[PDB]
Amino acid sequence: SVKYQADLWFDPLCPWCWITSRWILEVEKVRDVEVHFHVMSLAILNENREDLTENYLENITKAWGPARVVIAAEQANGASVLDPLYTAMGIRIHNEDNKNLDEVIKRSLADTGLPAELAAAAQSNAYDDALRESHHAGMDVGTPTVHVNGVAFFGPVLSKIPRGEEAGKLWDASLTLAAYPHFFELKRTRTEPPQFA
């Protein structure tokens with residue numbers, strides 16, 4: 001009987017955004033929770049950070065690609081397209097460990113009935129400012145970043161997807177802490193890789 005309105009920022013490539021986004025969709029089924037997704041690029045966020053030793057890799061990784069396509073998709077079809085397109089990408093990138101992003105993008109656009117042409121946005125910088133705009137909206141960096149009922153938080157960082165009522169009980173606890181304006185942090189060292197089953 002407590003109503004929640006949630007906005008969650010995701011990068012299709014991010015394993016943590018994926019788990020936590022799947023968790024909140026589990027929460028939707030056992031709590032009065034409405035979820036609205038927004039796309040971010042982690043590659044664009046860290047564009048400002050200067051670590052020269054990582055440059056060789058980022059430029060062949062093309063980590064900006066999926067986020068660019070998804071925001072290009074949204075611009076052409078509105079927000080209704082985010083959830084199906086994200087799920088189609090995420091199942092591939094994460095559940096199935098498919099790191100051929102050209103393939104993931106091509107197949108996910110097709111699965112969702114979007115024009116194949118949108119795949120070209122991966123190589124274009126024309127949506128980067130839109131993406132930076134999305135970042136300013138969500139951030140004031142967390143994986144994922146979540147606004148619920150007027151308050152913002154990073155996480156919860158989960159290494160596995162909680163299901164059903166367990167997912168809900170963790171929602172209740174997370175939001176109790178988040179709703180307290182003088183709460184800032186609860187953490188421990190991460191000892192597990194993300195698992196997607």
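Of note:
- Number of positions in segment 151-179 that are assigned to a loop (DSSP other than H, G, I, E, B) and touching a strand residue (DSSP E or B) at 6+ places or on another chain (Cβ under 9 Å): 2
- Check on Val69, among the hydrophobic types (A, V, I, L, M, F, W, C), surrounded by 20 or more Cβ atoms within 10 Å (Cβ to Cβ) and either touching an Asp or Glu at 6+ places or on another chain (Cβ under 9 Å) or closer than 15 Å to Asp128 by Cβ (or both): yes
- Residue check for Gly78: small (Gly, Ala, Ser) and either under 29 Å from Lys187 (Cα atoms) or surrounded by 12 or more Cβ atoms within 10 Å (Cβ to Cβ) (or both): no
- First in segment 152-174 and acidic (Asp, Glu), second anywhere and surrounded by 14 or more Cβ atoms within 10 Å (Cβ to Cβ), Cβ under 7 Å, 6 or more apart: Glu165/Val30
- Test: residue in segment 149-171 that is on the phi > 0 side of the Ramachandran plot and surrounded by 12 or more Cβ atoms within 10 Å (Cβ to Cβ): yes
- Just so you know, in segment 15-43 the residues that are among the hydrophobic types (A, V, I, L, M, F, W, C) and over 14 Å from the mean Cα position of the chain (by Cα) include one that is farthest from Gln123 (Cα to Cα), and it is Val30.
- Count of residues meeting criterion [among the basic types (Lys, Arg), in a helix (DSSP H, G or I) and within 26 Å of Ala197 (Cβ to Cβ)] in segment 66-105: 1
- Filter result for the condition that a residue is exposed (fewer than 15 other Cβ atoms within 10 Å of the Cβ), touching a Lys or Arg at 6+ places or on another chain (Cβ under 9 Å) and among the charged types (D, E, K, R), over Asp102, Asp97: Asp102
- Residue check for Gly90: small (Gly, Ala, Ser) and under 16 Å from the mean Cα position of the chain (by Cα): yes
- The listed residue being closer than 22 Å to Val81 by Cβ, exposed (fewer than 14 other Cβ atoms within 10 Å of the Cβ), out of contact with any strand residue (DSSP E or B) (no Cβ under 6 Å at 6 or more places or on another chain) and among the aliphatic types (A, V, I, L, M), out of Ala126, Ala130, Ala121: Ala126
- Residues located in segment 172-194, provided they are surrounded by fewer than 12 Cβ atoms within 10 Å (Cβ to Cβ) and not acidic (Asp, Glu): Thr176, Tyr180, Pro181, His182, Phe184, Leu186, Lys187, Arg188, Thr189, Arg190, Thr191, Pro193
Don't worry about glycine lacking a Cβ; one is built from the backbone with ideal geometry, like all the others, and counts go over all protein chains shown. Every number here is computed from the coordinates shown, using simple stated rules; none is lab data.
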